[PDB]
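Secondary and tertiary structure notes
The residues making up each chain are set out below.
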Amino acid sequence: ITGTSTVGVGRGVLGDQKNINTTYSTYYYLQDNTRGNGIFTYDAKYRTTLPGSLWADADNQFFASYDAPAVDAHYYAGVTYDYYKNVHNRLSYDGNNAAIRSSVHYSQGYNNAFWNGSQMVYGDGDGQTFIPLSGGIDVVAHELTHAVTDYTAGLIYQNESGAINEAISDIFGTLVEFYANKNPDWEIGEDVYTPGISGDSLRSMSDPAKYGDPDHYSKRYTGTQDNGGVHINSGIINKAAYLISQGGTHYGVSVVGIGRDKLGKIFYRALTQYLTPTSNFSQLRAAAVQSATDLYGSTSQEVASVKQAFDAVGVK
Ligand SMILES: [Ca+2]
Ligand SMILES: [Ca+2]
Ligand SMILES: [Ca+2]
Ligand SMILES: [Ca+2]
Ligand SMILES: [Zn+2]
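Residues numbered from 1 in each chain as written, not as in the entry; some residues may be left out. Chains lettered and ligands numbered in written order. Heavy atoms only, no water.

The deposited coordinates derive from X-ray crystallography, with the record listing a resolution of 2.00003547199 Å.

Structure (structure tokens):
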């Protein structure tokens, strides 16, 4: 909508207070004009018709229980935008400042979130398995990263290319969580997962097997469930990325870690320069090796660590 840029205040899913960029035009709208061509947040009103209504508020204060998922979807979309702009010089998900749109209160008891090809969508959860999923910054960044992938490598959402697609979203979801620097970790979804169970998460990048996901290519899932295990076999790539950053010895193969920032540069370069819709795990390794070579040189520790990491998870 046309209006004037304003700044509201509210509370997110976890009870924390934050300021949010809004737009005034009779009502105050969750429309942030400070980032590219706008970040827009919508109310799906417990239904499945998308996007719903652009979120309107009478007084620019967002402290109602019903407001909380919208506050976090809106605010964490902005953080993710800032990450890609400041760290990777990428303007929104298409590289040309496309509007970022999100809908919250999707359906009833919906224990998921997703990028639907054009926008983000967040359930409120059922209060047992999940609380409203926009409360997790790694969830928000995970899903917006799908938009980035779909515009760049275009990895097909099945089998190994789909597992790479999922892993890329976990990797940059985690790096955005570290970038915002609020209780960062190598776990996925911990802030909105199982409110009655402390210390768990949906997936682990540091130890995928913690939740039954493979941590080595020999353990990969080869059936047809989950579009050929896209959320399962992602553990193999997640483990490789964790090793590249943090280091470790995995099934006897030692990896010298090179840090989060270099992990991000290597995988962003691989995603945007070398990966294709049909890339498999071995092709990802080659993309990452070439990316590290471009960035740091053929004889660098960085290249050596990429090789060791993919060796450790059995990807040749
Ligand atoms: Ca209000
Ligand atoms: Ca965390
Ligand atoms: Ca996390
Ligand atoms: Ca939990
Ligand atoms: Zn995903």
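**Examining the UniProt feature "binding site: Ca(2+) 2" in the chain**
Threshold: UniProt positions are given in the numbering used here, feature names are shortened, and annotations may be inferred rather than shown by experiment. Numbering of helices and strands starts at the N terminus; helices are DSSP runs of H or I of at least 4 residues and strands are runs of E of at least 2. Buried residues are those whose accessible area, probed at 1.4 Å on protein chains only, stays under 20% of the maximum for their type, while exposed residues exceed 50% and partly exposed ones sit between those limits. Contact definition: two residues touch when any of their heavy atoms are within 4.5 Å.
Taken from the UniProt record, the annotation "binding site: Ca(2+) 2" applies to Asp-138, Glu-177, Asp-185, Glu-187 and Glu-190. A stretch of 53 residues holds the annotated residues, and the largest C-alpha distance among them is 11.4 Å, short enough that they meet in one place. Tracing the chain through its elements places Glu-177 in helix α3 (residues 159–180). Assessed through its relative accessible area of 0%, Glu-177 is described here as buried. In this structure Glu-177 touches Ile-137, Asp-138, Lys-182, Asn-183, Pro-184, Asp-185 and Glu-190, once residues within four positions along its chain are discounted. Within the secondary structure, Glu-190 sits in the loop between β12 (187–188) and β13 (203–204).

**Re the pairing of strand β1 (residues 4–11)**
Defined as follows: Strand pairing is assigned whenever DSSP detects at least two bridges linking the two strands.
Sheet topology note: the β1/strand β2 (residues 17–25) ladder contains eight bridges and is antiparallel. Paired with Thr-4 across the two strands is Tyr-24, which belongs to β2. As consecutive antiparallel partners, β1 and β2 are separated by five residues, and within that stretch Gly-15 has a phi angle of approximately 90 degrees, a positive value. By the bridge criterion, two bridges tie β1 to strand β8 (residues 61–62) in an arrangement that is parallel. In the sheet register, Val-9 faces β8, and the bridge partner there is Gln-61.

**Some details on the sheet that holds β2**
Convention followed: Convention adopted: a line fitted to C-alpha atoms gives each axis, helices being fitted over their contacting stretch, and angles between N-to-C directions are expressed from 0 to 180 degrees.
Strands sit in the order β7-β3-β2-β1-β8 across an open sheet of five strands; the sheet is mixed. Of all strands in the sheet, those with a lone pairing partner are β7 (56–57) and β8, marking the two edges. Sheet strands in contact with helix α1 (residues 68–88) are β1, β2 and β8, and its direction is about 90 degrees off that of β2.

**Regarding the coordination of the calcium ion (ligand 3)**
So the rule is basically this: Any nitrogen, oxygen or sulfur atom within 2.8 Å of a metal ion counts as a donor, with the limit raised to 3.2 Å for Na, K and Ca, and since water is left out, coordination shells can look unfinished.
At the metal site, the calcium ion (ligand 3) is ligated by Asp-138 (OD), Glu-177 (OE), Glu-177 (OE), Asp-185 (OD), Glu-187 (O), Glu-190 (OE) and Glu-190 (OE), and these contacts range over 2.4 to 2.8 Å. Mapping the donors of the calcium ion (ligand 3) onto the primary sequence gives the spacing D-x38-E-x7-D-x1-E-x2-E.

**Considerations on the packing of aromatic side chains**
To be explicit about the condition: Each aromatic pair joins two rings of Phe, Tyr and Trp (for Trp, the six-membered one) with centres within 6.5 Å, and gets the label stacked for planes under 30 degrees apart, edge-to-face for over 60, and tilted for any other angle.
This structure, assessed with the given rule, holds 19 aromatic pairs. Each ring, one from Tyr-93 and one from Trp-115, has its centre 5.1 Å from the other, and the planes form 65 degrees; the classification is edge-to-face. Here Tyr-93 is found in the loop between α1 and β9 (100–106), whereas its partner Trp-115 is found in strand β10 (residues 113–115), with 22 residues between them in sequence. Of the residues examined, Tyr-93 reaches a relative accessible area of 8% and is grouped as buried.

**Regarding the packing of helix α5 (residues 234–246) against helix α8 (residues 301–312)**
The following threshold applies: With the far helix as reference, a near helix turned anticlockwise by less than a right angle produces a left-handed crossing, and one turned clockwise produces a right-handed crossing. Residue polarity is assigned by list, with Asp, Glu, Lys and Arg as charged and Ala, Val, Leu, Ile, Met, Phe, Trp, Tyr, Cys and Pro as nonpolar; anything else, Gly included, falls into the polar class.
Two elements in contact, α5 and α8, have axes separated by 9 Å at closest approach and are oriented at 145 degrees. By crossing handedness, the relation of α5 to α8 is classed as right-handed. Contact with α5, carried on its side by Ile-237, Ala-240, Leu-243 and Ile-244, involves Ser-305, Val-306, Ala-309, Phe-310 and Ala-312 of α8 and no other residues of that element. Considering only residue class, the contact of α5 with α8 consists of eight nonpolar, one polar and no charged.

**Some words on the UniProt feature "binding site: Ca(2+) 4" in the chain**
Listed under "binding site: Ca(2+) 4" in the UniProt record, and renumbered for this structure, are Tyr-193, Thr-194, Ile-197 and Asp-200. Along the chain, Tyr-193 turns up in the loop between β12 and β13. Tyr-193 has contacts with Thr-129, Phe-130, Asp-200, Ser-201 and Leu-202, leaving out every residue within four places of it along the chain.

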